[PDB]
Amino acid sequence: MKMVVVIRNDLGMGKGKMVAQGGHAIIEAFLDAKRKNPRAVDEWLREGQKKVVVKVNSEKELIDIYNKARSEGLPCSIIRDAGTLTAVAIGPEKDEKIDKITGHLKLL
């Protein structure tokens, strides 16, 4: 199992901000998943809570990835900074259900 964190690379966010924004994404996706399948989330935690960080190059692309996750019915989240949408996170979920969504994205 794994969680994929999607960070926008076109916003010019600094290292600290990407960690914080991805950070909000991670917490929200985790909670979204835990509220739906706590048992799967427990497994993800036992195996090392694997996370993979990928990037998208526009807000439209960030939103597309998120909509796709929601349509597939996967745990996910989309973050808005204090204004724009900065990041998304999908999972934890079985690796193949997530790769379906973000498999083509490049690593941050």
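The numbering used is simple: start at 1 and walk along the sequence shown.
According to the record, the deposited sequence contains 4 to 9 residues between residue 82 and residue 83 that were left without coordinates. Of the two segments examined, 86-94 and 12-20, it is 12-20 that shows the higher average Cα temperature factor in the deposited entry. Legend: mean Cα B-factor per stretch from the PDB entry, 25-33 versus 70-78; the higher mean is in 70-78. For residue 6, the recorded CA B-factor ranks within the middle third of the chain. Only modelled residues enter the ranking.
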